[PDB]
Amino acid sequence: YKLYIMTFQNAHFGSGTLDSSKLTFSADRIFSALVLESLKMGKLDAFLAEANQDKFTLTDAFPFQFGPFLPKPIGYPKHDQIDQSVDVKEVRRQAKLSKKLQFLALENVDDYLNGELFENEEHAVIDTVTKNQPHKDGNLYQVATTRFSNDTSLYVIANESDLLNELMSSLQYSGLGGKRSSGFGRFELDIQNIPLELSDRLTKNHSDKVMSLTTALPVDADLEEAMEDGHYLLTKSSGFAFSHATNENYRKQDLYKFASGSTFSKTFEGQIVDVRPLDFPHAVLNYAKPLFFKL
RNA sequence: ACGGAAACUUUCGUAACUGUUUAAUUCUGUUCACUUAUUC
Ligand SMILES: Nc1ncnc2c1ncn2[C@@H]1O[C@H](COP(=O)(O)OP(=O)(O)OP(=O)(O)O)[C@@H](O)[C@H]1O
C-alpha cells in the first residue's frame, strides 16, 4: 500500500460547534466524503463492499512539514521512566509543555522515551472573519479559517488499488469540512513512488506494548481485557445526517470514541456499528479502523 | 451518506463654507551730426 500527500490552506475544520474550529480533523471525516460521492458518480453498490475488506484501512490527520509527524504517546513517560524531580521549580516549567504538545517529529520517536522535552513547532495561526445577512436584520454569525503557511501538509495513508485512485482524485475539486459552500476543503493530490522507509511498523497481529491510533472504537465483545491496563481519551463528535427523503433532519447518536496515540496491550478487532435514529432509506455506518505501531 | 446543510458587513453621503501673488517703483546719469571752403 502507498500513501497520498495533500495540503490545505485558507480552509475550515470545525470541532463540536460550527463557530469553533481546530487545526487537525478526525478520521471519520474522510470516510464520510467518499461515500457521498459514490452515489453521485454511480458506484454505491461497489464502495460499500470494499471498505469492509479488513486489509483496507484509513488514517487520521498527520501534519507534514519536511517530514512526517507522529502523535505523542499517552501516559509516557511514567513515574519511574522520567527523571526524579529534584528541583520542583525546574521540572514544572518544562513538564507543562509536554501536556500541550500536538505532534512529534519523525526523528524524535526513539529519543522521546529516554528523556526529551522541547516546544513543538507552531504550524499556523488561528484566523477568523465575520459576515452577516442584509435584507433580514437579525443574523450575525462568526466563522474561523485555517490558513496554513510555512509549507504545511496533511498526508494520508490508505490502500492503493485500481479504484481508489479514481475516487479521491475528484475530491480536491470539492470540499472537506467547514463552509463547503464557499470553498473550504480543497487540496492538491500528490502521488510519489517509494514510501517512507521509517514509518513501516504498522501491523495487525501481535500486541507487545503497541499503540493504536486513528481514534478507533474497540469491539463490543472483547473489552474487559483490552481496556484493562491501558489508557484512552474520550472526545466529542456528532451532527445531523445526510438524506434526501426525510424532511426533519434527525440528530444522530453520539459516538464518544478514543483519541489518537492511545496505548493499549491487546489486539483489537474493529467492527462496524450501526447508528440509526428513527428511519432513513440509506444506512449510516462508522469506520475508523485501528492501526497498531511497534514503537 | 461530513459540526456539516441554509448567509453581500450591506443601504446611507461633493474633504466643504469665506479669500486681488501683492504693497513700495521716471530704461536713464554725461552728449553741437562735424574740422577745412571767394557760383565765378
Ligand atoms: N492555593 C492553592 N493550594 C493548593 N494548590 C494550588 C493552589 N493554587 C493553585 N494550586 C495548584 O496549581 C495548579 C495550577 O498551576 P498553574 O497552571 O498556575 O502553574 P503555572 O503558573 O502555569 O506554572 P508555570 O509558571 O511554570 O507555567 C492547579 O492544579 C492547582 O492544583
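Since every read-out is calculated from the coordinates, none of them should be taken as a lab result. Note: ideal-geometry Cβ built from the backbone for every residue, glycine included; neighbour counts use all protein chains shown.
Please work out if residue A:64 is farther than 30 Å from residue A:204 by Cα, buried (at least 16 other Cβ atoms within 10 Å of the Cβ) and more than 16 Å from the ligand (Cβ to nearest atom). Walk me through it before giving the result.
On the way: farther than 30 Å from residue A:204 by Cα: no; buried (at least 16 other Cβ atoms within 10 Å of the Cβ): yes; more than 16 Å from the ligand (Cβ to nearest atom): yes.
Considered against the rule, which asks whether it is farther than 30 Å from residue A:204 by Cα, buried (at least 16 other Cβ atoms within 10 Å of the Cβ) and more than 16 Å from the ligand (Cβ to nearest atom), residue A:64 comes out as no.
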In segment A:181-230, the residues that are of a type in the set (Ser, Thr, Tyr) and surrounded by 14 or more Cβ atoms within 10 Å (Cβ to Cβ): A:199, A:207, A:212, A:214, A:215
Condition met for residue A:213 (among the hydrophobic types (A, V, I, L, M, F, W, C), within 19 Å of residue A:30 (Cβ to Cβ) and more than 16 Å from the ligand (Cβ to nearest atom)): yes
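Surrounded by fewer than 16 Cβ atoms within 10 Å (Cβ to Cβ) and more than 25 Å from residue A:194 (Cβ to Cβ): does that describe residue A:49?
On the way: surrounded by fewer than 16 Cβ atoms within 10 Å (Cβ to Cβ): yes; more than 25 Å from residue A:194 (Cβ to Cβ): yes.
In short, yes.
Taking the conditions exactly as written (surrounded by 14 or more Cβ atoms within 10 Å (Cβ to Cβ), part of a loop (DSSP other than H, G, I, E, B) and either under 21 Å from the mean Cα position of the chain (by Cα) or within 8 Å of RNA strand B (Cβ to nearest atom) (or both)), does residue A:176 satisfy them or not?
Numbers: surrounded by 14 or more Cβ atoms within 10 Å (Cβ to Cβ): yes; part of a loop (DSSP other than H, G, I, E, B): yes; either under 21 Å from the mean Cα position of the chain (by Cα) or within 8 Å of RNA strand B (Cβ to nearest atom) (or both): yes.
Here the answer is yes, as residue A:176 does meet what is asked.
Among strands (runs of 3 or more DSSP E) lying entirely in segment A:58-173, which contain 1 or more residues that are aromatic (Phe, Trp, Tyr)?
Numbers: elements: A:62-64, A:127-130, A:142-145, A:153-157.
Where strands (runs of 3 or more DSSP E) fall fully within segment A:58-173 and carry at least 1 residues being aromatic (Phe, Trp, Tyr), they are A:62-64, A:153-157.
Quick one: which residue in A:82, A:74 is more than 16 Å from RNA strand B (Cβ to nearest atom), in contact with a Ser or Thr (Cβ under 6 Å, 6 or more places away or on another chain) and β-branched (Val, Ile, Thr)?
A:74
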Among (1) small (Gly, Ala, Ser); (2) over 26 Å from residue A:74 (Cβ atoms); (3) not in a loop (DSSP other than H, G, I, E, B) - the single one residue A:283 does not satisfy: (3)
Complete set of residues in segment A:19-37 that are within 8 Å of RNA strand B (Cβ to nearest atom), over 14 Å from residue A:179 (Cα atoms) and polar (S, T, N, Q): A:26, A:32
Whichever residue in segment A:7-23 is surrounded by 19 or more Cβ atoms within 10 Å (Cβ to Cβ) and in a loop (DSSP other than H, G, I, E, B) and, among such residues, is nearest to the ligand (Cβ to nearest atom): A:13
Every pair of residues 6+ apart whose Cβ atoms lie under 8 Å, when the first sits in segment A:17-38 and is within 17 Å of residue A:252 (Cα to Cα) while the second is in a helix (DSSP H, G or I) and small (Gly, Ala, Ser): A:31/A:51
Boolean, residue A:16 is away from RNA strand B (no atom under 12 Å from the Cβ) and small (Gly, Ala, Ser): no
Selected residue (criterion: farthest from the chain's Cα centre (by Cα)) from residues of segment A:86-113 that are more than 30 Å from residue A:153 (Cβ to Cβ) and surrounded by 12 or more Cβ atoms within 10 Å (Cβ to Cβ): A:91
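Of the residues A:250, A:256, which single one is more than 11 Å from RNA strand B (Cβ to nearest atom), surrounded by fewer than 16 Cβ atoms within 10 Å (Cβ to Cβ), free of Cβ contacts under 8 Å to residues at least 40 places away in the same chain and not basic (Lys, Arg)?
Values: A:250 fails: more than 11 Å from RNA strand B (Cβ to nearest atom).
Just a single option satisfies the conditions, and that option is A:256.
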Members of segment A:72-124 found to be away from the ligand (no atom under 16 Å from the Cβ), free of Cβ contacts under 8 Å to residues at least 12 places away in the same chain and basic (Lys, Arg), listed by number: A:78
